[PDB]
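Engineer: After the structure tokens below, expect a handful of questions from me.
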Protein chains: 4
Amino acid sequence: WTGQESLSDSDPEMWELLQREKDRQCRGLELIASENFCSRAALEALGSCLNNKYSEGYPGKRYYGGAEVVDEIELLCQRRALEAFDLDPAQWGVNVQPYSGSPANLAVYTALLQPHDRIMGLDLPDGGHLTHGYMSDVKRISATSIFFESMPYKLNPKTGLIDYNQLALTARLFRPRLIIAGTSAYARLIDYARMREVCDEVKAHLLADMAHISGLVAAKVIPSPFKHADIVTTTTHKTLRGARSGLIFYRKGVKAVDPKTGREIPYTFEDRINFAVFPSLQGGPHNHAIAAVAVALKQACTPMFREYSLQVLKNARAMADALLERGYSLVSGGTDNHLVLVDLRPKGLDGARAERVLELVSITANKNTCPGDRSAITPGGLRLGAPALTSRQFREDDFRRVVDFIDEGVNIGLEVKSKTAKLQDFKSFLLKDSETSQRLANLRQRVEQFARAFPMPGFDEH
Amino acid sequence: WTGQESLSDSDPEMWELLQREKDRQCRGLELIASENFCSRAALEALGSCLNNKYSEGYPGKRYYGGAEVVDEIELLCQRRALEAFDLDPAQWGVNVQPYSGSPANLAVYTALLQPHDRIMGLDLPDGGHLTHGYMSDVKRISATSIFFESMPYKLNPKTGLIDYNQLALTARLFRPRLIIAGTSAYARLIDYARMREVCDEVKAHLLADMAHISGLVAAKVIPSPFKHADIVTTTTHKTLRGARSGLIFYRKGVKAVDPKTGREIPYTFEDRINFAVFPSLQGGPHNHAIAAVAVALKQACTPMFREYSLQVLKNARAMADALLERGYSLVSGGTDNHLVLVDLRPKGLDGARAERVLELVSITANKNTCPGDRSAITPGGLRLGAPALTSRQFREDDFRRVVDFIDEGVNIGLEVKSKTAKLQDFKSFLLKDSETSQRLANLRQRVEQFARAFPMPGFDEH
Amino acid sequence: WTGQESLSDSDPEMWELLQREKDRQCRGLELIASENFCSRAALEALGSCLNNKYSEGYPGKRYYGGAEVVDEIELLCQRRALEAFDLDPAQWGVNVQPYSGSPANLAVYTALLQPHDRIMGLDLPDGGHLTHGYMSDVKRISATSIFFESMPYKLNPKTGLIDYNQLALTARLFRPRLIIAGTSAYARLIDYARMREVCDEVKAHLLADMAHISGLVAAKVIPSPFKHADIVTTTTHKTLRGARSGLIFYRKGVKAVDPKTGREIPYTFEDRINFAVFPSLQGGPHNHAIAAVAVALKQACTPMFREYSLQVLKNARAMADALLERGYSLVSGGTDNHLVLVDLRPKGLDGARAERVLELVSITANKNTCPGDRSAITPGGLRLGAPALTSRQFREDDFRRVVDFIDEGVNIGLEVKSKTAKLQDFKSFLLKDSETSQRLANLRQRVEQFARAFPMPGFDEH
Amino acid sequence: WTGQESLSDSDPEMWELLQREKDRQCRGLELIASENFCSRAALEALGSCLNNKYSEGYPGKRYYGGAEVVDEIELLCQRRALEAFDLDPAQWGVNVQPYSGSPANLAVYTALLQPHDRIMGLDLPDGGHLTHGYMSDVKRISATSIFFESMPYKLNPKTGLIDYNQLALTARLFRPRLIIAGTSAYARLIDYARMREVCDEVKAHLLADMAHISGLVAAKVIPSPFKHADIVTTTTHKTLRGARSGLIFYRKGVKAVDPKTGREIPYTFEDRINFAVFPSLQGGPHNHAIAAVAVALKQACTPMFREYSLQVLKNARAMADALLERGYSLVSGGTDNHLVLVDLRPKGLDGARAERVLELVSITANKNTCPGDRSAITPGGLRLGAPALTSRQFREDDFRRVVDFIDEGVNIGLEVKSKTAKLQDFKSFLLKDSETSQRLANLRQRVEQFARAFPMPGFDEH
């Protein structure tokens, strides 16, 4: 056993499963807004000799010795992150160690808040994330609600926008120490200038979780949260086309300068943030993942990346206009970013039966809740997004053909409803019936023939 | 931009740093007990197309659709883990989702304990881990002590072994709900049969964190914690030679069978453990890391792996016998596993000055606390281990030559003490003085010439 | 030393102070709504041989022995309490052990709520009590907010009534486990039927703290909280004319009868309430105070007591009509119970300067906050009440003369404002100036001559 | 209804029960150590016109007005308390507002400790109080353990004394923020000089709860806790012969004077203690109870009170010597204060059957736990004390006759054991059997004839 043997020989069983996954991605359409293909150059650094390194601490304060090369890699990633967002090093910092986005959020609450403190964020059914705090009627589901106190704020049902008026009303009576400003299923741009006024009145920190729109802020196509914020957490695997990891930004320097005589009150975010990640919550950083992020951040400072972000917006407005002509209703009347929310209630079909029938035609999409929903098990909407098919060099003319396959698949779903009853009898009718299963076969063949003719970023067989 | 470009062309700067790290590993000796080189077959699966997949939940209960191939990969990793340790599937389970070892521990406390509950584990200065709970005199350093209550137990100063007598005395007065049985700097085998009796008396769960000895239990060279335990957490990157990840085991089935008439009280660990990882603490699993673990677990069920574990023990006893002949004192009088603790107090040199001078000769070792230590900044011991050099096909005859370089480096450190005073004046004397720096150069050349002639597992340039 | 010596001989110094207090009460007017004179028969039982008894527990479950007589006294007080409010013994219980009203509230939170649970009650500036939860902007002032989580609800500024619409809005987003329905500075009757609907929607307990209106509910002059409530706490020294103590009521019996087949789900308030008082929070009951309460509760089941409560209402409406004719503004436009709130802002004088000048004329009244108040140190209102002067056989014709002394004292306060500036210069102008101090002397002589001609309940010199 | 009617006329039923209690006290023997008769002069101030006063706050900082006389009464009680214990006003303070002893303890924890802090005190089965923290195996019984964390320390089984060696061992591993030094069933003097060293090592406050020995410290017969303590809580109704209330002492002034240059670090106990009582935990003080305490504290500064405390000690040593001659075993071999612990195990009778048979002969005594007790429902000891019979002018010659009635009652209890089995069959044999019930009648007549010839402090019929 030398340890230098290829996977094709040592483990034949695992090598076969690794190829079936690559074939599944190249023959189907990907409409999920939280997925994006990764570059080959980043994958070569994700699996290298850096996995065999065990360092603990921060550059210049290592525990063990011999960490001379990894210090230059971590200090290099901290300079490419402050330049991709055009930040001033003397006024901002960055921490490139959290394992993912969810660990990045818990490290912010532990650093700035005592246990059982009050936090306020967007509600989950209305387009917020689970890490912002979530409770059921009989159980605490999220860890943020187990160790802290949470209270949500909701939207305006008749417009679909965030209700800033009611937010300022309940904030004075609840008085939270932290307010979160981030969404995961929202089609409009958040008004950061208004949420800053609510925080200055009740005296609280403002956290901006921009994990979904992180790739658009770097290309300067939408206004940046950094203008009115104190802490900014983001992921590196959503719209940045990088390896899975996390990032944390914080301000540093003078705060309320000139309060009396010649005083200079400074920010105190730097020390508390670094201590919460290590040695409190985490152990040894994944040095291989940090190197893959530095490769992706360098690609975000190029003219090519700006032309990619401009196409993500044009591919979303082209898909939204095509749906309205077919006879559909969009939540909030349109879109301003990279995703489109659909409302299928006028069509007479729910999002649960539509998501299933599209899965058999190799079209991936997830159901979404709508403001007028009586039952949660059958949402009446879908959530579509354009960041992953754009990587395969899709254009506006190609996105209009995707709608033709979607509208044709919904019509097949409106025939099964006229013959079945319960949803459990809907899934079993798409298989045992030879008539419905034959029409589904003629549609799957036309989708795979169309999607297989586009380039796929990555390697070439795994 | 096609996305299929090699790292040598797209990012020349990052490619140069990736080669300097590979050269540093092949020319130096590695004596840290928490490091081990990884196979090439595992690294090829760590960086593949599985990074571009976003699944949430567990097999058969996915959120989105299209997760047909990744379900077979996750179910395959759950069968290779129960077979590497010769477990019965009807009596044990496994969870292969935690990001690392530290997240694996916090997911156990959140599932079985309410906030501000009592936990008892080994003290950090005495050979325990930071995730078991640790507090300073003025501050809470570990997250386990921030969200839960902790109280440690200590060793016997005059023997170096765990004091089981005092453990049963303070357990009746503190009455903890959970007891941890795991070490990170211990040279003997823990007595699990005795710690089980303490848990049955005060009625508490027993957790066995075997992250350090996980590779020896699989080869059946030392007794297994599974015989007297309920939960077992371990890492996959210490002695298993795999990618960085985590594992959690739990019992299932009947518990106190036949309590009355024909009752069968079952275990209730399965549901609470799975819910604590998702959706409470974590988000999307790293599917690429899970595939690399299944490649490494398959290598642990082979006759070749047993011959490797037998050599790890013989290489430790050979290094321990060589140190006693040179005139040294070992903590607890010897070793029974993969590491050796040294006591340099009779030699007149501390572990802080010894760790530094060895770093200049490309010999990596970390200082360790000793039972009679007045100051914590200058520990009087070292922690040496044999699992990584054994991967490069080292033998007993080669480990005796490593001691010749260690004993020769300590003698150089005993000359600087006769000329300097404060430790800050010790680091600056090894550089500016041309006489001491020249003798250090003649020793570094002989170490690199010796260590470069052994095979290195991995790829061949990165 | 025999121990049977009168206070006039053994302690001459304390006997002189005990007579100066009795003279101060008989020569001045008492307008505080939280005070009432006590009967002589109750005071004779407050200081007897029952002070020399040490029992612990509840009747039939005593710790020590010999508690044969005190069991009949405690069981007698539990029957007179259920009869004064016309309660059914098979559907209600009572606990006659809390030391006062504040201890009675904390014993309810500890029995039905875990630590750090959510409670909602009326805000302190708006007419609620401090034991319902209160927090400053920089500090937690009340013990209810230190051990539990609280969030208040407010009034309608333009009407002065409780805003039930906003209460149901914030209750769905905060979801409290307990809602309190009690006031200490409110002139209207609370709508218990509406607050019951808010509790049935979010599933929470309803607590009715009726410490202020406890004497009116017993006489059946206002609707009783018992019709829509689960727990009722009250004091025995506000409008019941008894010794200082506390009471706790709770329902018992079937709850949601007939849920399935022949099930009968019962109430579980009885055991948890009794355990929270003893042995959790308190020690040995004050048996002398319990005997004085049984004497006062027997007087509340008489026709004489109903004629007293009818006069308390007529004496309040007569005082309110007299103030409007003089040129004053009442909060909420009038009164429906035993107190009257005044608004002095149109008159050009604040409540801080008015409360002080009335104290020099032996007229006791406390300032009250008004909805349009910029500064909290100078409230613009007063709080007047009629339960204590009614005990001295005051009538409507006599209450109209009290307003003549109040309106004459305010006019003296409007002259000092034209000569002074800061409030600290207002207090010092009422003493050093011989002209203002002489006019104050001619008014004090006319008040004491009028108030000294009415009977005073109690003894006759102490 | 004038309100000036005697209790004999207005409430004939309550007046009859008030006389049966006075007759029960004058015809029986009282051996409980937590009871003592009260002076007539104190009872006259307990029930006066001060009950009809509602003040809130502290002297000089009242809420309402007109509190001119009660300020001189509260300031007078604060001077008699600092003089009864010979304290320096410039170095000590006092708070005379807590309702009883149990509320006095909770006000100390809330002022100096955050929620869920660590406290250590004597265990309940071993002679400590319930307010020091107590937990069962399945439930939290005390409120101190619900809001704070507690861990007890125990005695030495083979000597009966406090084990100071084990206390210093577990204190370093638990590290509590507060240590309590007070007992309720202990026959020896606590070593305060040793417990002070344990607090200086782990840096913690020392609380001295001297509720039982408060009357002996004032007479200078035993060493005072004030020499080595920071906070001292006590009751006024145990050995001080006063009304039921509470007291809290605290140090003030310079602490670690001269730490650097000319610094003077002061104590910070004054502000935090006063805020915890009001407005946090309590409401309106019972002014009638405060006046009765000032009458009792004045009697403690007299030569007559010292002669009373000297007789309490001589009456305990005389009762202890008489028990050893009869053939009994005393816990810890004797007594040093006001109580005597007995061990009935050699006699073959338990404390449960002995306490019952003595109750039928009008001899009151409570059972006590012994170090070798397998079952808690049948303790093998009794707790006897001498502070209440000494008030009736008992002497050493009279206490020897009490033992003759005790030893004669135990012999009657040793006959029923030879005829019955279960304890439930023991209680029913003392009534239905005419032979055992007749011998009990001849003994009760001789006790009442003897105890009725001694003076009883108080009034003369109630």
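Using the numbering of Swiss-Prot, the residues shown for chain D are 43-504, in order.
According to its header, the structure was obtained by electron microscopy, 2.9 Å.
Positions of Cβ are set from backbone N, Cα and C atoms, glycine also.
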Engineer: Test of record reading: of D:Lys181, D:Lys262, D:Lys269, which one does Swiss-Prot tag as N6-acetyllysine?
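Structural biologist: Matching D:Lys181, D:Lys262, D:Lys269 against Swiss-Prot annotations yields D:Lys181.
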Engineer: From D:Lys200, D:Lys389, D:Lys461, D:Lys469, pick the one Swiss-Prot annotates as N6-acetyllysine?
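Structural biologist: The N6-acetyllysine feature in Swiss-Prot corresponds to D:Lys469.
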Engineer: Have a look at D:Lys245, D:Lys297, D:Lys340 and find the one that Swiss-Prot tags as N6-acetyllysine.
Structural biologist: D:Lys297
Engineer: From the list D:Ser90, D:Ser187, D:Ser322, D:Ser470, pick out the residue that Swiss-Prot labels phosphoserine.
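Structural biologist: When Swiss-Prot is consulted, phosphoserine appears for D:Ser470.
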Engineer: Just the number: how many Å between the Cα atoms of D:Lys464 (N6-acetyllysine) and D:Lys474 (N6-acetyllysine)?
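Structural biologist: About 16 Å separate the Cα atoms of these two residues.
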Engineer: Can you grab the distance from D:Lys356 (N6-acetyllysine) over to D:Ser470 (phosphoserine)? Cα atoms, rounded to a whole Å.
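Structural biologist: D:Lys356 (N6-acetyllysine) and D:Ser470 (phosphoserine) have their Cα atoms 39 Å apart.
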Engineer: Among the modified residues listed here, D:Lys196, D:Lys297, whose Cβ has the fewest other Cβ atoms inside 10 Å?
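Structural biologist: So among D:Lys196, D:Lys297, the modified residues given, the one with the fewest Cβ atoms within 10 Å is D:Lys297.
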Engineer: Look up D:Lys103 (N6-acetyllysine) in the DSSP assignment and report helix, strand or coil.
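Structural biologist: SS state of D:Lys103 (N6-acetyllysine) = strand.
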Engineer: Select the closest residue to D:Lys103 (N6-acetyllysine) from the following modified residues, measuring between CA atoms: D:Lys181, D:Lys196, D:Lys280, D:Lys469, D:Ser470.
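Structural biologist: Closest recorded candidate to D:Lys103 (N6-acetyllysine) by Cα: D:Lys280.
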Engineer: Give me the CA-CA distance between D:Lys297 (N6-acetyllysine) and D:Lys280 (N6-(pyridoxal phosphate)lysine), in Å, as a whole number.
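Structural biologist: Per the Cα atoms, D:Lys297 (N6-acetyllysine) and D:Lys280 (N6-(pyridoxal phosphate)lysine) stand 33 Å apart.
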Engineer: On the three-state reduction of DSSP, what should I expect for D:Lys356 (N6-acetyllysine)?
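Structural biologist: In the DSSP reduction, D:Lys356 (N6-acetyllysine) maps to helix.
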Engineer: Return only the integer: C-alpha distance in Å from D:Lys181 (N6-acetyllysine) to D:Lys469 (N6-acetyllysine).
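Structural biologist: It is 30 Å, counting Cα to Cα.
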Engineer: Just the number: how many Å between the Cα atoms of D:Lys469 (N6-acetyllysine) and D:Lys280 (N6-(pyridoxal phosphate)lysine)?
Structural biologist: 32
Engineer: Measuring Cα to Cα, how many angstrom lie between D:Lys280 (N6-(pyridoxal phosphate)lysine) and D:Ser470 (phosphoserine)?
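Structural biologist: Here the two Cα atoms lie 35 Å apart.
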Engineer: Based on Cβ atoms within 10 Å, give me the single least packed residue among the modified residues D:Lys356, D:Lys464, D:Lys469.
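Structural biologist: Result for the modified residues D:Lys356, D:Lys464, D:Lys469: minimum number of other Cβ atoms within 10 Å at D:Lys464.
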Engineer: When you measure from the Cβ of D:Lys181 (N6-acetyllysine), how many other Cβ atoms are you left with inside 10 Å?
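Structural biologist: D:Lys181 (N6-acetyllysine) is surrounded by 8 other Cβ atoms within 10 Å.
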Engineer: Between D:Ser470 (phosphoserine) and D:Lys196 (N6-acetyllysine), what C-alpha distance do you get in Å?
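Structural biologist: So the Cα of D:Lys196 (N6-acetyllysine) lies 38 Å away from that of D:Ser470 (phosphoserine).
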Engineer: Looking at the modified residues D:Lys103, D:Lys280, D:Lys474, which sits with the largest number of other Cβ atoms within 10 Å of its Cβ?
Structural biologist: D:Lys280
